[PDB]
């Protein structure tokens, strides 16, 4: 019975070529008593060559690392499991590494120390990248509201205080600030428009100080009137 099982299993080993497969099958033709051996040996070139494929397809390793794993596996065929996992671990460490090293809103202290905590404990890469990205978002937002040109410093340090207290609302505190910014912006450019009479200007100040939701629209209207009354 074992000749049939080993026969089928060798004929359906997915990671061998026809040369290897038919060589093994010819060996089974010579001495069927070597059945449990051949199958074993046979499949131990399977999960070897399969391994050669996977380490060949990990993109965050270099050639030296890859073919170094290939070599270290051709010398120790039975460790293909371990050497693979290790390899598939290293892929993370490097992938995280450069992703941490290419965040444009971190200074050199935060770089060298995130990266140093990566070299020290790679098992936490998944988290060290995460909070890095978070930080790279947060700090970025801090740099945007810090350079919005139409806010008095009370408004700036108010928003900054709010996001410092709660970084989970970052994208909502930024989009708020900009909003106010744009609104106030329009205000300025309405009062510095030369060809309007003070009736339309007072009415615009009132309606704007009521519904900023159409601020942009209002501004546009004003400008067009400014074009017509030149």
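Numbering follows the first chain given and starts at 1.
- Between 67-75 and 147-155, the higher mean Cα B-factor belongs to 67-75.
- Look at the mean CA B-factor for 31-39 and for 196-204 in the entry; the higher one is 196-204.
- Within the group 83, 113, 106, 90, the record's highest C-alpha temperature factor is found at 83.
- Looking at 175, 163, 51, 185, the one whose CA carries the top B-factor in the deposited record is 185.
- Among the modelled residues of its chain, residue 21 has a C-alpha B-factor that falls in the lowest third, as given in the PDB entry.
- Sorting the modelled residues of the chain by their CA temperature factor places residue 130 in the lowest third.
- Among the modelled residues of the chain, residue 5 sits in the highest third by CA temperature factor in this PDB entry.
- Compared with the other modelled residues of the chain, the Cα B-factor recorded for residue 216 ranks in the highest third.
- In the deposited entry, the Cα temperature factor of residue 140 sits in the middle third of values across the chain's modelled residues.
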